[PDB]
């Protein structure tokens, strides 16, 4: 037998990897249960002809925010031991168990939409940081999902990322020698018959079969070279789709990208470099100090990198002396030693970012700008970072005494200090009338950070966490309603709500966290064989019962009522393809109920339950508690009314399964 571990942000992310495996593996025997209170497992017996295989996958829901926050040891430490110095967490880490220790097989991130603008690079720090470790990084994204006007659920025009973002994965793979890729899955809202923007999309770009093939070959310790080349080719076809749909005058053409991909030229030595310049756009309200004159100096010498208006460009070594002279004259830099450092004979990448909002809080999208530059040009390129947004007094003080202390506590400063050779600030200081100018020679510090790794040590996460919390409530709720209780229907979660009626599945995508009167439920369960009408049970999970907010029960029902007011995003016949939603659903065709789930170690009296029902308005309370000897989840269902009591009686009678080991549970009533 071989054992694998799936460490994920939550149970749903863990299960998404299992769905990928099960899509290609047709198992002869499947068993589910728990290895510990926190860790569910799936055991499979399958064959490749005459060759049988016995695999077990142990799931670890919820990552630590330090070394012993939830789990006894942090699986993420294996990434920082190989150079992942940014505070970045993928969605899933798959490991192999061998000689009492875990070995990382791959890191996987799931995205529900191909994001555009600066949202495309907001989390590029993950791909950069994990990518430099040698462990494969797979970024899976749905192509396409529409952005909505939340007041009427009407679709906004499709937006696509700059071709440089999908390209950055390919160039980071070439620079590091590791497998870093962007893979695309067909979204339910991919409807080329209705949207002209998708006229030239190549459907061979979709990678569902190839991702499952890759994962299974990795689990089998087989050669993945050819599967990796097919996936890299699809990532390149996406760059081609995007670059052929943008204007050539201020952006790289596909022939330019192709000449970099095939190794004819480097991104900084393209013969056509300079046909467009680097022209940073700065809002007039963001201007202060000498920022406008610095931007004029950059535009006097720069050559464009991928796009004229991306926040970075190049100053070729042939123009670096004159660029440095103009900067030094503008800011009165006279120190001979400093000027010599600035005038090193090499190409210079200039990145300009506001960095901070009017109160001094950091810009999230700016965190991925230097990682994007490093993925495109290499982390060893010389980078000059210019910042012009407002700094709080505490920030400028740390810059003047210990910049690494500031990098340690803030993710944006960590990005800047790890990847910049020179940091130039021309910033307003909150509470003061005029700007501060700083020129930081960060070369030595950058070099040391690029060699930093955490303590070398083997890891085998203990399946018993420090204590049981919200992640554990969700794992327990999900397992009972997905594998034990008979209802087939997909139900709902944060990524969308599916409702099955007749022989059709109706789905609402792009769910907002809240509506005018509703709150998005953590789980939605559909039960069809209890009443004449289908039952929709909306559940909110919390660590403790007092965490259940006032009117949360009423808010869960109102959220479902909000979705019923609109035509579902998509629909399909369960027997037959996804189409855009055509018919509206009817709320009276369903019974709606709400539930609050939490952990309680027998601290609630009859009066406490009466008060929780009054505060929340829930129809059902699900009190969960672990028993340690022997390990069991003890479940207490408290119905507020007769409809909820019928549901409880149904759950109790149907608490049987051929796949799931129900012996790990005890349903009090």
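Residue numbers count along the first chain shown, from 1.
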Between 596-604 and 61-69, which has the larger average Cα B-factor in the PDB entry?
61-69
Going by the B-factors listed in the PDB entry, is the mean over the C-alpha atoms higher for 115-123 or for 192-200?
192-200
Which one, 318, 540, 103, 152, has the peak C-alpha temperature factor per the PDB entry?
152
Per the entry, which of 494, 434, 110, 276 tops the list for Cα B factor?
494
Taking only the Cα B-factors deposited for this chain, tell me whether residue 55 sits in the lowest, middle or highest third.
lowest
Select lowest, middle or highest to describe the third in which the CA B-factor of residue 613 falls within its chain in this entry.
highest
Chain thirds by Cα B factor, record data; residue 421 belongs to the lowest
Position of residue 91 among the chain's modelled residues by C-alpha B-factor, lowest, middle or highest third
middle
Select lowest, middle or highest to describe the third in which the CA B-factor of residue 78 falls within its chain in this entry.
lowest
